[PDB]
Amino acid sequence: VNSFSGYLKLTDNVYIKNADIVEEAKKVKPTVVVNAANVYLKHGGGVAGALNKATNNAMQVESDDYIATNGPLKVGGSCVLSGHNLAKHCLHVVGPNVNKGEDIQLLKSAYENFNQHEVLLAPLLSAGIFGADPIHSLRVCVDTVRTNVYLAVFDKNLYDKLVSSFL
Ligand SMILES: OC[C@@H](Nc1ncnc2[nH]ccc12)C1CC1
Ligand SMILES: [Cl-]
């Protein structure tokens, strides 16, 4: 039993809700919130800009030190950093950005990072400003993640389409 509330159950392990991931994280304080990161951990817009703003830029300061030490992530890769005031940990996961010409096949590799954590609050990877089809992202999530994932979908209209079209 956990403190996630109001989610529709899609499969044994995948749950979904129309919600603002920032407000969800502040309420639940999950062990892990997933950021829709880029390889440079530059949290400018989308989920990343919103999460970073909610930390008063502390996420960006920590991320800049991470990059200075380790260099960029790989597309499809991840790193674990602090969750600041939102969660215990933030798993920064880089899905392919179609608006940069990146290979959509890497979306499965991106979701595999979730399997290293028993329970996560997450967005749909490569959706929104990363330019991939969200119906596809949900399908890859369901077919790749085996741990317990709570998906927050910001746009209410998109949420209804994902539910009604879910196979
Ligand atoms: O990952 C793409 C995804 N974006 C977000 N999901 C949940 N909460 C959010 N807050 C700000 C952006 C954002 C779009 C809706 C499918
Ligand atoms: Cl977005």
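X-ray crystallography is the method the PDB entry states for this structure, with the resolution given as 1.0400 Å.

**Student:** What should I look at first to understand the overall build of the protein in this one?
**Tutor:** Scanning the protein from N- to C-terminus turns up six helices and seven strands. A compact globule built from 167 residues would reach a C-alpha radius of gyration of about 15 Å, and the protein, at 15 Å, matches this within 12%. Seen through its C-alpha atoms, the protein measures out along the principal axes to roughly 45 × 35 × 30 Å. A buried classification covers 51% of the 167 residues belonging to the protein. Put simply, 66% of the contacts in the protein that link residues at least 6 apart link residues at least 24 apart. Across the protein, the centroid of the 15 positively charged side chains sits 3 Å from that of the 15 negatively charged ones.

**Student:** Before we go on, may I ask you to explain the nonpolar core in this structure?
**Tutor:** Nonpolar side chains in soluble globular proteins tend to be buried together. If you look at the biggest cluster of nonpolar residues, it comprises 26 residues, and the most contacted ones within it are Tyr111, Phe114 and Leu151. Secondary structure elements with two or more residues in this core: strand 2 (14-18), strand 3 (32-36), strand 5 (89-93), helix 4 (106-112), strand 6 (119-122), helix 5 (134-144), strand 7 (148-153) and helix 6 (156-165). Residues within four places of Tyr111 in sequence aside, it is in contact with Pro123, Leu124, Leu125, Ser137, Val140, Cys141, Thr144 and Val145. Counting residues in each nonpolar core, the second largest holds 17 residues, with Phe4, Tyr15, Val22 and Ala87 among its members.

What counts, and at which threshold
Residues numbered from 1 in each chain as written, not as in the entry; some residues may be left out. Chains lettered and ligands numbered in written order. Heavy atoms only, no water. Helix = DSSP H or I, 4+ residues; strand = E, 2+ residues; numbered from the N terminus. Rg over C-alpha atoms; globule rule 2.2 N^0.38 Å. Buried < 20%, exposed > 50% of the residue type's maximum accessible area, 1.4 Å probe, protein only. Contact = heavy atoms within 4.5 Å. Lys, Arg positive; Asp, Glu negative; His and termini not counted. Charge placed at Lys NZ, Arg CZ, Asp CG, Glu CD. Core = buried A, V, L, I, M, F, W, Y, C linked by side-chain atoms within 4.5 Å.

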